[PDB]
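Asker: Structure below; questions to follow.
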Amino acid sequence: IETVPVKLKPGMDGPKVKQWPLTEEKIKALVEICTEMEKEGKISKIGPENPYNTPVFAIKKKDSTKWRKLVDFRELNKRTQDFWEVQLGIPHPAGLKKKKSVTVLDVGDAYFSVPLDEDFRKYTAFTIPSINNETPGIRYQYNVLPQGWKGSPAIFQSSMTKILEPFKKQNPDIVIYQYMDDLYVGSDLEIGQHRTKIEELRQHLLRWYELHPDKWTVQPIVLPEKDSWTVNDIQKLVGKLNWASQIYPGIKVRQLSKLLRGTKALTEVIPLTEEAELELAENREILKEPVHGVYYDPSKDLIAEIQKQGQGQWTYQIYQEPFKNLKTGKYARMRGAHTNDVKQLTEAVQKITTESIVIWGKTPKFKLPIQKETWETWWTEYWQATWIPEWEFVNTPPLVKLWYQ
Amino acid sequence: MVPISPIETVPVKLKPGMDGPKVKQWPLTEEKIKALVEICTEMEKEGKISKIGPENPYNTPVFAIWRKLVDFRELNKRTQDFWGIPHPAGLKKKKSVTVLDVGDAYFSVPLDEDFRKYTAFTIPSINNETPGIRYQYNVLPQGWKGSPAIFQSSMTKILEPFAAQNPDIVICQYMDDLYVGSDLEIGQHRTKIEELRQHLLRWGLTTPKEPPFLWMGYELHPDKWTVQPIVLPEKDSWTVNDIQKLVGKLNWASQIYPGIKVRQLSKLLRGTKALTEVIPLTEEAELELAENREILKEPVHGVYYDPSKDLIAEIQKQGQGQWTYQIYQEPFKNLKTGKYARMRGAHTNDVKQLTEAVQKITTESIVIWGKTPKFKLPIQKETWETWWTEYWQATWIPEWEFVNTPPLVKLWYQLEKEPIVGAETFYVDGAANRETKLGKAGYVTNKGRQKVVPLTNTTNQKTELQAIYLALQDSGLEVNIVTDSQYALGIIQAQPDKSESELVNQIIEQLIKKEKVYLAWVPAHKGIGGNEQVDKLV
Ligand SMILES: N#C/C=C/c1cc(Cl)cc(Oc2ccc(Cl)cc2OCCn2ccc(=O)[nH]c2=O)c1
């Protein structure tokens with residue numbers, strides 16, 4: 001009920017960012033929604049004296065036909081002062097990723113109760129675009145706390161603590177984490193008891209996505225086990241081991257490469273020498289061990305790389321420094337995405353970002369195996385998430401692709 | 001006197017750390033002086049300006065050309081920051097359309113009273129024997145940074161209630177003009193126009209062109225639109241800037257006119273920034289401009305948009321990285337046309353370019369009509385399927401159908417996913433000496449076939465490509481090739497059908513003639529047999 005003063009970082013003016021073209025239906029949805037929010041005082045129309053703009057579009061969440069308003073706050077978020085509080089930079093609940101189940105809830109409706117600092121409001125300005133530039137776009141600004149901004153959860157942290165105080169003292173074994181407009185709740189309970197507890201908590205929120213991180217673990221580097229090896233098999237194996245020797249210290253390919261001596265047809269079977277078998281075995285033992293000196297640096301950017309494996313399969317690696325892997329995974333999940341590559345990629349990026357939020361409490365910077373123009377054209381169509389990560393584009397095909405399959 | 005409805009001013013500030021502009025006043029002729037006094041007198045009578053005095057340190061210069069010219073340049077620098085033209089093909093067909101230009105646009109809108117003091121200017125008196133006459137603006141000045149924005153927002157605010165009360169008409173607001181379409185009867189239409197301008201008159205905005213309208217380089221007729229006549233200068237001696245103008249005009253012409261080619265004329269502009277020069281045209285360029293004149297020989301028109309019909313885009317491959325497109329609703333009647341040129345790069349293929357063109361058309365269409373058009377593409381469904389399924393990058397095209405209108409986009413070669421049985425295995429290698437640029441490229445095979453070719457003026461990458469090329473030349477219709485080159489593998493796995501490197505082009509030509517090709521990679525210097533760095537290191 002009382003606004004807390006907020007400024008930007010030193011030497012930084014508010015965001016001026018071009019609004020990208022929107023389809024007619026999305027424009028309609030945004031018009032209706034923004035009119036409703038205007039009548040509720042959540043937003044107010046502004047004049048030409050506000051130079052600032054932040055992009056806006058419309059999405060459809062899971063199991064809902066209702067259009068939701070999505071602001072892209074990335075520029076404002078990086079131009080917003082780094083938020084430290086009396087909480088002293090609350091440490092990420094590392095117990096959350098170790099939980100048997102984690103449920104994600106959208107608490108954004110709560111942010112519309114708290115008013116935004118009057119001076120800072122001008123930086124929240126956005127534009128509803130018109131088709132074919134036939135009329136000037138409709139401009140607004142947020143009176144209350146906008147969803148998607150990084151200052152909103154920080155400001156709402158005290159209130160949210162005051163709200164969740166009974167629940168945490170009731171059943172302390174339930175870990176609660178908060179990121180953006182999303183509230184993550186860990187539990188060891190049973191899915192029925194889990195869902196009933198979730199309804200209990202959401203109604204608890206009312207009067208004031210099911211994830212399974214236990215099923216998500218880390219995966220190792222495995223090598224084929226064959227009775228007979230061709231020249232091609234051994235060539236691939238040698239390549240993969242030579243690559244893995246960047247990750248692991250003691251990988252040695254010489255006795256295996258020794259088998260490739262002479263010029264043989266690719267499909268010809270080469271029997272393994274005893275030394276080569278021993279070498280392969282030692283390599284397996286080496287690959288079974290974890291990686292040497294791999295730590296997470298909170299002061300560094302997380303980097304996510306994604307490879308397309310075909311047939312709806314995708315692989316990914318989250319790391320800070322090259323060949324030190326904090327996380328690796330394979331998204332094979334098929335929902336409605338069979339004929340669309342970009343939709344699959346978008347869902348994958350969302351999942352990886354989510355798991356990143358759970359594990360490290362922050363989103364990584366993606367390197368996407370897609371041309372900029374394609375992605376930039378289609379990504380907002382398949383995007384159901386309330387946040388957005390940072391991304392770049394790799395236009396040279398990686399050789400490491402089949403080394404991750 | 002019926003009071004005209006008050007227009008609330010827009011609060012204006014200067015940039016932080018700056019105080020209102022102080023600049024002297026240039027000497028003017030007696031003529032100009034008397035003229036400026038004459039103008040400012042009646043301007044003050046109308047309430048557009050007010051007389052001020054020494055209490056105002058701020059001054060901006062003024063000339064006369066009579067027409068009073070006020071120079072706000074320094075105030076423009078000192079003023080704060082304030083917050084695309086409608087495409088005719090997007091405009092919907094309407095039974096009646098009325099244009100209204102507001103008279104005295106900026107002067108009908110009051111300036112923020114606290115900002116008026118900074119708008120001060122001084123008329124120099126005769127022979128500089130008296131203090132120059134002092135004035136300030138009470139309204140939006142001509143040439144001010146914040147005039148168009150404030151005026152536009154004011155106009156929007158005033159217009160809003162009338163629009164909701166008249167949903168059966170449609171109003172477009174551009175800058176200083178209003179364009180009102182309706183499907184009503186001409187009588188009712190004219191009536192609502194009069195009602196509109198009366199509604200505007202309540203706030204003190206004065207309104208008075210008939211079709212065809214000449215607007216923003218366009219000719220808008222009732223049932224159709226086109227551009228305004230394009231003037232292509234005929235010169236036996238051209239320049240750089242002239243090619244800039246030419247390419248600009250051609251680009252402008254290519255929206256309605258199909259088949260416009262700007263590439264050959266554009267290639268001359270690399271290494272530019274010199275205003276004057278004389279450059280010759282290749283027969284390709286000469287015939288390009290000539291064919292452009294042939295296309296511009298007879299007029300073409302676009303139609304307007306009907307939301308009740310599908311939006312369709314069709315694409316043709318024009319050759320040499322050029323693509324052309326038509327956006328239409330019913331056959332032979334185009335909403336508009338356009339073109340796409342390939343991006344700058346070393347290697348390329350048709351499918352990628354087609355994809356890019358599709359993205360461009362999609363974005364443009366979303367701007368203009370607010371929707372993605374259904375595509376007709378010169379590519380088979382199977383080709384696209386094979387391509388996107390086996391492509392390492394993620395890629396997508398919106399809903400589309402095959403149209404058979406050669407040249408068809410096709411896949412020229414496909415590498416195998418597995419080694420081929422019965423096919424000869426060529427282990428290839430190449431290497432070069434950095435200092436002497438002397439190198440070797442060759443192969444050895446499992447049947448004992450070998451070759452090593454010496455080469456002058458070459459690099460490691462070139463010999464690495466050369467080796468593979470040799471393997472392709474000397475092998476049957478089905479071949480397994482083993483290489484340690486990550487460069488060559490990187491180029492071939494990108495699947496170009498064309499390259500700016502002739503060696504790569506020749507490799508492609510070899511791949512096209514092949515039935516099955518399997519390209520395998522191994523690490524270099526691992527003691528892997530058959531891969532001979534020693535043959536080419538000699
Ligand atoms: N100068 C100037 C005008 C410029 C001008 C600029 C714009 Cl952005 C729109 C405009 O006219 C229109 C205004 C409103 C609607 Cl709903 C359709 C229009 O259709 C345009 C199509 N059209 C055009 C002319 C005509 O007679 N009949 C007709 O249906 C006119």
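To be explicit about the labels: the chains of the structure tokens are called A, B, and onward in the order shown, and within each one the residues are counted from 1, while ligands get numbers from 1 in the order they are shown.
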Collect all residues with atoms no farther than 10 Å from ligand 1, counting only C-alpha atoms and all ligand atoms, and output them as an MDAnalysis selection string.
Answerer: (chainID A and resid 132:135) or (chainID B and resid 85:101 168:174 177:183 209:216 218:225 303:305)
Asker: Compute the set of chain A residues within 8 Å of chain B, using only C-alpha atoms, and express it as a ChimeraX atom specification.
Answerer: /A:21-24,47-52,131-136,232,235-236,238-239,242,253-254,257-267,307-311,340-342,345,369-371,373-374,377,396-399
Asker: Those same residues, written as a compact mmCIF listing (two decimals), in the first residue's frame with N, CA and C atoms?
Answerer:
# COMPACT_ATOMS: atom_id res chain seq x y z
N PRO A 21 6.28 -6.04 -35.07
CA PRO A 21 4.94 -6.26 -35.65
C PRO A 21 4.16 -7.37 -34.97
N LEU A 22 2.86 -7.14 -34.78
CA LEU A 22 1.98 -8.13 -34.17
C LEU A 22 0.81 -8.47 -35.08
N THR A 23 0.36 -9.72 -35.02
CA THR A 23 -0.80 -10.16 -35.80
C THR A 23 -2.07 -9.50 -35.27
N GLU A 24 -3.11 -9.48 -36.10
CA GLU A 24 -4.36 -8.81 -35.76
C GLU A 24 -5.02 -9.35 -34.48
N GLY A 47 1.23 10.47 -22.60
CA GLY A 47 1.41 11.38 -23.71
C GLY A 47 2.77 11.22 -24.37
N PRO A 48 3.04 12.05 -25.39
CA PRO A 48 4.25 12.02 -26.23
C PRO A 48 5.53 12.35 -25.47
N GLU A 49 5.41 12.89 -24.26
CA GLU A 49 6.58 13.35 -23.52
C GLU A 49 7.33 12.19 -22.87
N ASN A 50 6.81 10.98 -23.06
CA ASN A 50 7.49 9.77 -22.62
C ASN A 50 8.18 9.11 -23.82
N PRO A 51 9.52 9.26 -23.90
CA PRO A 51 10.34 8.69 -24.97
C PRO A 51 10.53 7.18 -24.87
N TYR A 52 10.29 6.62 -23.69
CA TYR A 52 10.64 5.23 -23.41
C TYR A 52 9.61 4.23 -23.94
N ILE A 131 -2.14 -2.03 -37.08
CA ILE A 131 -1.90 -2.68 -38.36
C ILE A 131 -1.66 -1.64 -39.46
N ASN A 132 -0.58 -1.83 -40.22
CA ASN A 132 -0.24 -0.97 -41.35
C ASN A 132 -0.04 0.50 -40.94
N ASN A 133 0.28 0.73 -39.67
CA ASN A 133 0.53 2.07 -39.15
C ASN A 133 -0.59 3.06 -39.48
N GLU A 134 -1.82 2.57 -39.53
CA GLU A 134 -2.96 3.38 -39.94
C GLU A 134 -3.33 4.42 -38.89
N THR A 135 -3.08 4.09 -37.63
CA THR A 135 -3.29 5.01 -36.52
C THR A 135 -2.08 4.92 -35.59
N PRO A 136 -1.82 5.99 -34.82
CA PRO A 136 -0.74 5.91 -33.83
C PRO A 136 -1.03 4.81 -32.82
N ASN A 232 34.92 -48.04 -39.63
CA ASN A 232 34.12 -46.86 -39.34
C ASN A 232 33.77 -46.72 -37.86
N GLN A 235 36.85 -45.61 -36.12
CA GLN A 235 37.11 -44.22 -36.45
C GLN A 235 36.25 -43.27 -35.62
N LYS A 236 34.96 -43.57 -35.55
CA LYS A 236 34.04 -42.76 -34.75
C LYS A 236 34.42 -42.79 -33.28
N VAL A 238 37.34 -43.37 -31.96
CA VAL A 238 38.57 -42.62 -31.79
C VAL A 238 38.29 -41.12 -31.79
N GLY A 239 37.42 -40.68 -32.68
CA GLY A 239 37.05 -39.27 -32.73
C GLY A 239 36.39 -38.81 -31.44
N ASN A 242 38.95 -38.75 -28.62
CA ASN A 242 39.80 -37.59 -28.83
C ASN A 242 39.11 -36.30 -28.40
N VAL A 253 44.09 -42.67 -27.06
CA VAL A 253 43.59 -43.34 -28.26
C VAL A 253 44.59 -44.18 -29.08
N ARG A 254 45.86 -44.20 -28.67
CA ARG A 254 46.92 -44.73 -29.54
C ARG A 254 46.78 -46.21 -29.91
N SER A 257 43.88 -46.43 -32.37
CA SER A 257 44.30 -45.89 -33.66
C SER A 257 45.25 -46.85 -34.36
N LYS A 258 45.96 -47.64 -33.57
CA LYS A 258 46.89 -48.63 -34.09
C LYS A 258 46.15 -49.66 -34.95
N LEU A 259 44.88 -49.89 -34.63
CA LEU A 259 44.06 -50.86 -35.35
C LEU A 259 43.68 -50.34 -36.73
N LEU A 260 43.73 -49.02 -36.89
CA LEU A 260 43.31 -48.39 -38.14
C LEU A 260 44.44 -48.40 -39.17
N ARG A 261 45.57 -48.99 -38.79
CA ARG A 261 46.75 -49.04 -39.65
C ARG A 261 46.45 -49.67 -41.01
N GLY A 262 47.13 -49.18 -42.04
CA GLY A 262 46.88 -49.62 -43.40
C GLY A 262 45.65 -48.93 -43.94
N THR A 263 45.28 -49.24 -45.18
CA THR A 263 44.09 -48.65 -45.76
C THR A 263 43.04 -49.73 -45.96
N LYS A 264 41.99 -49.68 -45.14
CA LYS A 264 40.94 -50.69 -45.20
C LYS A 264 39.60 -50.05 -45.57
N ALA A 265 38.71 -50.86 -46.13
CA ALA A 265 37.35 -50.42 -46.41
C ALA A 265 36.64 -50.09 -45.10
N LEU A 266 35.78 -49.08 -45.12
CA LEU A 266 35.10 -48.62 -43.91
C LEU A 266 34.26 -49.70 -43.23
N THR A 267 33.65 -50.57 -44.02
CA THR A 267 32.72 -51.56 -43.50
C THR A 267 33.41 -52.87 -43.12
N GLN A 307 21.78 -28.85 -29.52
CA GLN A 307 21.93 -29.51 -30.81
C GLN A 307 20.65 -30.23 -31.20
N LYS A 308 20.31 -30.16 -32.49
CA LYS A 308 19.18 -30.88 -33.05
C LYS A 308 19.64 -32.28 -33.48
N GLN A 309 19.05 -33.30 -32.87
CA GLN A 309 19.45 -34.68 -33.15
C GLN A 309 18.55 -35.36 -34.18
N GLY A 310 17.50 -34.67 -34.60
CA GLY A 310 16.55 -35.25 -35.53
C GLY A 310 15.55 -36.14 -34.82
N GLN A 311 14.44 -36.44 -35.51
CA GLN A 311 13.36 -37.26 -34.96
C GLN A 311 12.83 -36.72 -33.63
N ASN A 340 7.03 -29.31 -36.65
CA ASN A 340 7.58 -27.97 -36.50
C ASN A 340 8.86 -27.93 -35.67
N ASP A 341 9.99 -27.64 -36.32
CA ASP A 341 11.29 -27.56 -35.66
C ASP A 341 11.37 -26.43 -34.65
N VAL A 342 10.92 -25.25 -35.05
CA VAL A 342 11.02 -24.05 -34.22
C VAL A 342 10.18 -24.17 -32.95
N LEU A 345 12.17 -26.40 -30.64
CA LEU A 345 13.29 -25.63 -30.11
C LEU A 345 12.83 -24.67 -29.02
N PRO A 369 20.90 -23.25 -32.49
CA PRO A 369 21.19 -23.78 -33.82
C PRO A 369 20.08 -23.40 -34.80
N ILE A 370 19.90 -22.10 -34.99
CA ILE A 370 18.86 -21.59 -35.88
C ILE A 370 19.31 -20.23 -36.43
N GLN A 371 18.90 -19.92 -37.65
CA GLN A 371 19.19 -18.61 -38.23
C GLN A 371 18.40 -17.55 -37.48
N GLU A 373 16.89 -14.80 -38.38
CA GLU A 373 15.64 -14.35 -38.99
C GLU A 373 14.46 -15.29 -38.73
N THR A 374 14.71 -16.60 -38.88
CA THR A 374 13.70 -17.62 -38.62
C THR A 374 13.18 -17.57 -37.18
N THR A 377 11.40 -14.41 -36.25
CA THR A 377 10.06 -14.41 -36.83
C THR A 377 9.08 -15.25 -36.00
N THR A 396 27.45 -22.06 -37.95
CA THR A 396 28.36 -23.09 -38.41
C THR A 396 28.03 -24.41 -37.72
N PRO A 397 27.78 -25.47 -38.50
CA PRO A 397 27.40 -26.75 -37.91
C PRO A 397 28.50 -27.32 -37.01
N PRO A 398 28.15 -27.66 -35.77
CA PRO A 398 29.10 -28.27 -34.83
C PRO A 398 29.38 -29.72 -35.18
N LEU A 399 30.62 -30.14 -34.98
CA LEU A 399 31.01 -31.53 -35.19
C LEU A 399 30.60 -32.38 -33.98
Asker: Determine the nearest neighbour of residue 126 in chain A from the options A:270, A:46, A:352, A:231, counting only C-alpha atoms.
Answerer: A:46
Asker: Check range 58-159 of chain A with DSSP on the backbone and list each residue it calls strand (DSSP E or B), as JSON, numbers by chain.
Answerer: {"A": [58, 59, 60, 67, 68, 69, 70, 71, 80, 101, 102, 103, 104, 105, 106, 115, 126, 127, 128, 138, 139, 140, 141, 142, 144]}
Asker: Per residue of range 71-132 of chain A within 9 Å of range 56-64 of chain A, which atom pair is closest and at what distance in Å (one decimal), using only C-alpha atoms, listed by chain and increasing number, as a tab-separated table?
Answerer:
residue	atom	partner	partner_atom	distance
A:71	CA	A:56	CA	4.4
A:72	CA	A:56	CA	6.0
A:73	CA	A:56	CA	8.8
A:126	CA	A:56	CA	6.7
A:127	CA	A:56	CA	7.1
A:128	CA	A:56	CA	7.3
